[PDB]
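# Structural description and commentary
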Amino acid sequence: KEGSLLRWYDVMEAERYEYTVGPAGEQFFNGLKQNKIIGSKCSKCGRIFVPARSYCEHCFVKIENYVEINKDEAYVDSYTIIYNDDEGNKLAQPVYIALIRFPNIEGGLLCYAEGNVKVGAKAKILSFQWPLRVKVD
Ligand SMILES: [Zn+2]
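Residues numbered from 1 in each chain as written, not as in the entry; some residues may be left out. Heavy atoms only, no water. Residues with missing side-chain atoms left out of burial classes, pairs and counts.

For this coordinate set, the PDB header names X-ray crystallography as the determination method and states a resolution of 1.800 Å.

Per the PDB header, the title for this entry is "Crystal structure of protein with unknown function from DUF35 family (13815350) from SULFOLOBUS SOLFATARICUS at 1.80 A resolution".

In terms of helices and strands, the chain carries two helices and eleven strands. Element order for the chain, N to C, with α for helix and β for strand: α-α-β-β-β-β-β-β-β-β-β-β-β. Taken over C-alpha atoms, the radius of gyration comes to 16 Å for the chain, in line with the 14 Å a tight globule of 137 residues would show. Its C-alpha atoms give the chain principal-axis dimensions of roughly 50 × 30 × 25 Å. Taking the intrachain contacts of the chain between residues at least 6 apart in sequence as the baseline, contacts between residues at least 24 apart amount to 46%. (Helix = DSSP H or I, 4+ residues; strand = E, 2+ residues; numbered from the N terminus. Rg over C-alpha atoms; globule rule 2.2 N^0.38 Å. Contact = heavy atoms within 4.5 Å.)

We now examine the coordination of the zinc ion. Any two of four tetrahedral donors ideally make an angle of 109.5 degrees at the metal, while pairs among six octahedral donors ideally make 90 or 180 degrees. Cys-42 (SG), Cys-45 (SG), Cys-56 (SG) and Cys-59 (SG) make up the full set of protein donors to the zinc ion, lying at 2.3 Å. Around the zinc ion, the four donor atoms sit at angles spanning 105 to 114°, and that spread fits a shape best called tetrahedral. In primary sequence terms, the donor set of the zinc ion follows C-x2-C-x10-C-x2-C. With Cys-45 in the loop between β1 (38–41) and β2 (48–50) and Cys-56 in strand β3 (residues 55–56), this pair connects stretches of sequence that are eleven residues apart. For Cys-45, a relative accessible area of 30% translates into the label partly exposed. (Donors = N, O, S within 2.8 Å, 3.2 Å for Na, K, Ca; no water. Tetrahedral: all angles 85-135°; square planar, octahedral: opposite > 155°, others 65-115°. Buried < 20%, exposed > 50% of the residue type's maximum accessible area, 1.4 Å probe, protein only.)

Looking now at unusual backbone geometry. Backbone torsion omega between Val-50 and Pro-51 reads -10°, so that peptide bond is classified as cis. Along the chain, the position of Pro-51 falls in the loop between β2 and β3. Between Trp-130 and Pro-131 the backbone carries a cis peptide bond, its omega angle lying at -5°. Within the secondary structure layout, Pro-131 lies in the loop between β10 (124–127) and β11 (133–136). Residues other than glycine seldom take positive phi values, yet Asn-35 does so here, at roughly 55°. Summarising the element assignment, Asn-35 is placed in the loop between α2 (22–33) and β1. Positioned with a positive phi, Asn-104 is a non-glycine residue whose angle comes to about 70°. On the secondary structure map, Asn-104 appears in the loop between β7 (90–101) and β8 (106–107).

For the rest of this paragraph, the subject is the sheet that holds strand β9 (residues 109–115). Sheet strands line up and pair through hydrogen bonds in the backbone, either parallel or antiparallel. Strand order across the open sheet formed by five strands is β6-β7-β9-β11-β10, with mixed pairing between neighbours. A single partner strand is all that each edge strand has here, and the edge strands are β6 (75–84) and β10. Averaged over all pairs of adjacent strands, the angle between their axes in this sheet comes to 35°, without regard to strand direction. Sheet analysis places β9 next to β11, joined by four bridges and oriented parallel. Bridging across to β11, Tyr-112 finds its partner in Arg-133. Most of the contacts of helix α1 (residues 4–20) go to β9, to which it runs at about 145°, and overall it touches β6, β7 and β9. (Pairing = 2+ DSSP bridges. Axes fitted to C-alpha atoms, helices over the stretch in contact; angles between N-to-C directions.)

Pasting the structure below:
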């Protein structure tokens, strides 16, 4: 009988380990420890992926180049909202589960969001521990 907050925690945790595998994973999580968002850039098609990845399935080639993503350009792509905690208590501040993206970068980050969240809004990263927490002013 686990509720939606724990379910979402579980999904985000499962993903952490998927992203962790390999040298790109290592760059990504090391980057978070330095308050950076690290992506990788395929040299063949120029796509930039977040979280960083070591292979480009579009080109069928290894990716070797890592790039720092401009964290100030994060935006809310889509989200859902959770109004109550897992015991049924109404939250003072609803919790949002958001896909946060960056312009011209493939992928995104599944994050917790709080504030005046709406689609397209700029997101400021408050915590770089996984899963990330962002706010919308
Ligand atoms: Zn490519």
